[PDB]
Structure formats: structure tokens, C-alpha cells
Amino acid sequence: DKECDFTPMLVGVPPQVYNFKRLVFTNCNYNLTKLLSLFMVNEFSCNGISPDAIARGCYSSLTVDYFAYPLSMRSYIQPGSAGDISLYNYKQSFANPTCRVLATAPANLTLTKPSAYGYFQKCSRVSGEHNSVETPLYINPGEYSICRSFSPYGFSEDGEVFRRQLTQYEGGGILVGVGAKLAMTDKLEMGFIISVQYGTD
């Protein structure tokens, strides 16, 4: 009935890439292009749909994954890209028409900059007798990392290590996670993942 508002993406401190916040909207229609004018778009790749046909159409759902992402790491969020981002942080799903937007936030917008950037270098599980078996845990498209709970807001240094005992019900062993810290850029660079489903509302 009403208008889908994007205000949570514009106020406060945005989350990290591994702790991204997800907004799904139903029973409303959107004005998608007014959000694009608020930011300086640096990329707009749309697999499944078109860079233009996304702002027009009534769907059964419209989802937006938003987080703080540095443009110096733009190559590690591309489709099929290997590296730490797609393995222990965020991997874009392609089970629906989707777009990927990397944009820079001006100081005019009322979103604050976090302390720094952050991603996980390692997210492995040490198991086996004598704790000799180490299996890295890779994320599934659209899901969250299992090392997410270690440092939600951010890391304190580069190469910060977190350990935790996995319960008997959680399979077994020790979950190890190493964080990575990048210096905060001049203007807040963001990342937006928009997706769409159908069913005629």
C-alpha cells in the first residue's frame, strides 16, 4: 500500500561485509532511482536482468543487501572471483535476477563512517584426533559466515585471531577465525546487492 523506504541504508554506521544487513520488502512499491542519485555509482553489473529494467516492475519481493565495501577490493566481489571475500565474507547469489552496485557516499548523506574496513582472512575448523585435521569453512551464496559472531562491529588490529570450542551438537573441534583490517577511505564506499522474485505481488 505504502512506499518502500530505504532509510535504514542512509542513517548510522553501515555494517561490515561479513555482517551485512538485509532488507526485504513486500506489499509496497519503490522509487529505486532516487536512491541512485544519492550515491556516486562506480559499478552496476546486473546478471539475470538489465541495469535499467530493475527500477520498473511490481514483484512479489525486492531484497537489498547493503554493507561497507572498499573500492580497492572491487575485484574480489565480482562473479566467479576467488579470494577471501567470496569464501569467508560475502558471495553474491545468482538464483534470481540481481544487480551489484559499488557506490561512494558523500558527506551530505547522513550515514556515518565506521572505524575501518574489515574482512576475514581465515575461517577454519580444527578437528580430528590430536587436532590435526583443518578444514576451511566456505560460505554459501547469500548466507552469512560462521565466523560472523567473533567480531560483529569490527576488528581491533590486523590479523586478529578468535578461537571458540564447537559443541558436541555443532559437530566438534575448534573453530578458528582470523580477521583483516583495511584503512578507512576518505568517503564511505558502499556495496548494494539488489534481487527480485515474482508471482504477481
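All residue numbers refer to positions in the sequence shown, first residue = 1.
- For the two regions 135 to 143 and 56 to 64, the entry's Cα B-factors average higher over 56 to 64.
- As recorded in the PDB entry, 11 to 19 is the stretch of 173 to 181 and 11 to 19 with the greater mean C-alpha temperature factor.
- Between the residues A107, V126, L71, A116, it is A107 that shows the highest Cα B-factor in the PDB record.
- Taking the deposited Cα B-factors for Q168, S156, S149, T33, the highest one is held by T33.
- Ranked by Cα temperature factor within the chain, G80 sits in the middle third according to the deposited record.
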